[PDB]
Amino acid sequence: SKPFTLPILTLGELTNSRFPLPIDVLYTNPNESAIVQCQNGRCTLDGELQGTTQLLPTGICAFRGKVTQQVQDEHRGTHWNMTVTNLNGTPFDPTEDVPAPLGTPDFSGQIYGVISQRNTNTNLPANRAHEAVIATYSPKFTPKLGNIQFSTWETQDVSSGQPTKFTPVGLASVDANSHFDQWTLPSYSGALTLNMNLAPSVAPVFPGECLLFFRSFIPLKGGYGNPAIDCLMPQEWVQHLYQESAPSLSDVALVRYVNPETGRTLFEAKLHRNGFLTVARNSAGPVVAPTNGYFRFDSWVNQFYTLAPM
Amino acid sequence: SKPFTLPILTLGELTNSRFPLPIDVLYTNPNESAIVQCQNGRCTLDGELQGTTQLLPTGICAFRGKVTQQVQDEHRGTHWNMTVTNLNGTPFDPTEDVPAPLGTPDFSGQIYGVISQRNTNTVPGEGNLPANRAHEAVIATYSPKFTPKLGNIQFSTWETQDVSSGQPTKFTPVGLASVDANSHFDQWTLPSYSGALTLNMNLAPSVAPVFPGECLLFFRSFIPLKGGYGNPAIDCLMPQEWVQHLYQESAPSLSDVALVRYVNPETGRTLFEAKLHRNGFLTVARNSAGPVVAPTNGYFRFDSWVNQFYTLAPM
Ligand SMILES: C[C@@H]1O[C@@H](O[C@H]2[C@H](O[C@H]3[C@H](O)[C@@H](O)[C@@H](O)O[C@@H]3CO)O[C@H](CO)[C@H](O)[C@@H]2O)[C@@H](O)[C@H](O)[C@@H]1O
Ligand SMILES: C[C@@H]1O[C@@H](O[C@H]2[C@H](O[C@H]3[C@H](O)[C@@H](O)[C@@H](O)O[C@@H]3CO)O[C@H](CO)[C@H](O)[C@@H]2O)[C@@H](O)[C@H](O)[C@@H]1O
Ligand SMILES: C[C@@H]1O[C@@H](O[C@H]2[C@H](O[C@H]3[C@H](O)[C@@H](O)[C@@H](O)O[C@@H]3CO)O[C@H](CO)[C@H](O)[C@@H]2O)[C@@H](O)[C@H](O)[C@@H]1O
């Protein structure tokens, strides 16, 4: 039976699985009232990708497809409808058992990035790129139906019928009108439809335990704020688990966060079969620990194992 | 000790180590006249990172630092100086034995992206939160003001005023501004990391085939353009996932060359074989330039270490 392992990457060698950002800090928030059910960065410990999770760091919150035409919308700016394909360019099949094309954003907000186009016709093709926003809460955000809408400040220089890429950069705003909520899923098929094929929600099941996240701070195009995106496992863990596909020998792996410059354990955590961490902590905020620390798998344990308090 | 391995990732599950892009195609160009000496995506088969290579996909062609002031420049646009730190926020020590801060671009061109800032000072009237701004920006890596090894670079914006001095600044790369004649895109020309007239140091070595009939094999990605005509590409010697894997495993190299097979897992047939050299690059026996037309679910599998007499089957 192939032994389970994690990569040996310090926090400073890890990236977020929910937006293309480095991991900045570990984080807890035991008083969170929302259901935690993100769809990117979801992988079981035996290597089964779930939700909208895919392997490419460049695929997270990215889209590929083609602009169809300019459209009108109450949002400020100039608006464009885009069909979306799979990230690899093949047509997205809405009958596949996924919530939306892999890589689709898994949160409500105004995602800021760059739309770029390289024309099919040429002898070299013409190109353009412009800043763009995708409001994932909009009724026109229908990636599971194969099309979305983005806005630009640019008033006309977006071509219809030409290959189009969205490169995410950050958020447009976090003011009240921009509806940023990292735990609110988009409605992938539109306003009044039920999302399907979701990766399950995650939660601690033992008193005294809370979720532990890998937190990244996300850029803003304007306004005030210090927004963050919390993932359950970094993208390199998704990639590693997918590769190894080690059988899970219990429902809970005990892992130790170790300072290698001393071999000392700073704290311990439970890494659950569905791909998330809990710790024994009764406070919210960052975990203050050196970023050369890393998680080391020590043994499979019973669900009723009591974690040493942080 | 540890057997050598490569990850099991198809072409469509790989990303470029020299720019944040998926791998699009395998590619050869036997007649290339330039010295191939890129500095990102450089890792020996026993896991030694070289050049300016680091592990984060988000770090490739990224910068972190602080805008110091607006500056004068003869070229069109508004120009800004920024100091750069290490990507982890610690001060860059110019005496370290690297060519430049890890992640620094390794080619000549106008790199297009977004500069974003999150202020250090917070506003009580805004909930004790900082002000933010982001704008499109271009970094001309051939400019005499591109001096990352000295701890600072210059970028240009279309925006004429709304970039703040003294505030934390991030550059997120997106593509190239142009590949017209005046934009000096050449993927094999290194920047002068310490400026005009200085010699670059601590470089990862150049790579080349040493056997007749062999040419380098690259993992090629097409890079976006802000404007103009072109279909520019960036070729890396190994994808970022291979850098990450080799660094983790640190498997001893048992010869100078690992024979690898590009396999189609559906049929289990080998499509071609290649030499994976100790310093971290591939060669194939091919006498043409252009893409390697193969399924994107194919992948390289380590076969065995080979000696200096092994001749590759032609593609
Ligand atoms: C705080 C400043 O933000 C930018 O100011 C621009 C301003 O941004 C607003 C956002 O667009 C809006 O969603 C909300 O978040 O409030 C922001 C202002 O607080 O938008 C106007 C146009 O309406 C201008 O573009 C302002 O420049 C940034 O540009 C400033 O430097 C400040 O950081
Ligand atoms: C940072 C420099 O930017 C350009 O020169 C600008 C010049 O910078 C001066 C600094 O302000 C000063 O602290 C000291 O370092 O001398 C610098 C060079 O004179 O400031 C003027 C102000 O009008 C212009 O903005 C210059 O463009 C660049 O040319 C230099 O090489 C430095 O990188
Ligand atoms: C081919 C068209 O490119 C863009 O046109 C914009 C134009 O881009 C020029 C680049 O700035 C220049 O480096 C060189 O590459 O030529 C390009 C034009 O071919 O720049 C002007 C401003 O000077 C306008 O912004 C043009 O719109 C693109 O916007 C067009 O849709 C075409 O693809």
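The PDB entry lists chain B under the name GII.10 norovirus P domain in complex with 2'FL (powder), with Norovirus as the source organism. In the PDB, the entry goes by the title "Norovirus GII.10 P domain and 2'-FL (powder)".

With the PDB entry as reference, chain A is termed GII.10 norovirus P domain in complex with 2'FL (powder), source organism Norovirus.

(A) Region of the structure containing the site of ligand 1. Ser-173, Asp-175, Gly-222, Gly-223 and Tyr-224 of chain A together with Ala-131, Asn-132, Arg-133 and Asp-162 of chain B make up every residue found near ligand 1. Those residues lying near ligand 1 are distributed over chains A and B. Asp-162 of chain B places a polar side-chain atom, nitrogen or oxygen, 2.5 Å from an oxygen atom of ligand 1. Out of a free accessible area of 610 Å², ligand 1 has 44% covered by protein chains. For the shell around ligand 1, the elements supplying multiple residues, two or more each, are β9 (222–224) of chain A together with β5 (129–140) of chain B. Among the residues forming the shell around ligand 1, the class breakdown is 2 nonpolar, 4 polar and 3 charged.

(B) Summary view of the domain arrangement of chain A. All names here are of chain A. Domains assigned within chain A are domain 1 (2–59 + 173–310) and domain 2 (60–172). In this structure, domain 1 and domain 2 have C-alpha centres spaced 27 Å apart. Taken together, the contact between domain 1 and domain 2 spans 42 residues of the former and 36 residues of the latter. Tallied by class, the residues present in the side of domain 1 that touches domain 2 amount to 17 nonpolar, 22 polar and 3 charged.

(C) Expanded view of the packing of aromatic side chains. Applying the stated criterion to the full structure yields 29 aromatic pairs over all chains. Between the aromatic rings of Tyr-112 of chain A and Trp-153 of chain A, the centroid separation amounts to 6.2 Å while the plane-to-plane angle is 85 degrees, which identifies the pairing as edge-to-face. Measuring from ring centre to ring centre gives 5.3 Å for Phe-4 of chain B and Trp-305 of chain B, while their planes differ by 55 degrees; the resulting arrangement is tilted. In this pair, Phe-4 of chain B is assigned in the segment before β1 (25–28) and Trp-305 of chain B in strand β15 (residues 299–306), connecting sequence segments 301 residues apart. In this structure, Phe-4 of chain B and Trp-305 of chain B share a single accessibility class: buried. In this structure an aromatic cluster arises from ring pairing among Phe-214, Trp-237, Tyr-257, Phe-267 and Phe-295 of chain A. Above the face of the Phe-206 of chain A ring, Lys-270 of chain A is positioned so that its terminal group lies 4.4 Å from the ring centre.

Rules and cut-offs
Residues numbered from 1 in each chain as written, not as in the entry; some residues may be left out. Chains lettered and ligands numbered in written order. Heavy atoms only, no water. Residues with missing side-chain atoms left out of burial classes, pairs and counts. Near = heavy atom within 4 Å. Polar contact = N/O pair within 3.5 Å; in protein donor to acceptor, adjacent residues only side chain to side chain. Areas by Shrake-Rupley, 256 points an atom, 1.4 Å probe, with all protein chains shown as cover. Helix = DSSP H or I, 4+ residues; strand = E, 2+ residues; numbered from the N terminus. Nonpolar A, V, L, I, M, F, W, Y, C, P; charged D, E, K, R; others polar. Domains from an automatic or database assignment. Contact = heavy atoms within 4.5 Å. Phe/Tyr/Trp six-rings, centres within 6.5 Å; stacked < 30°, edge-to-face > 60°. Buried < 20%, exposed > 50% of the residue type's maximum accessible area, 1.4 Å probe, protein only. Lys NZ or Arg CZ within 6 Å of the ring centre and 35° of its normal.

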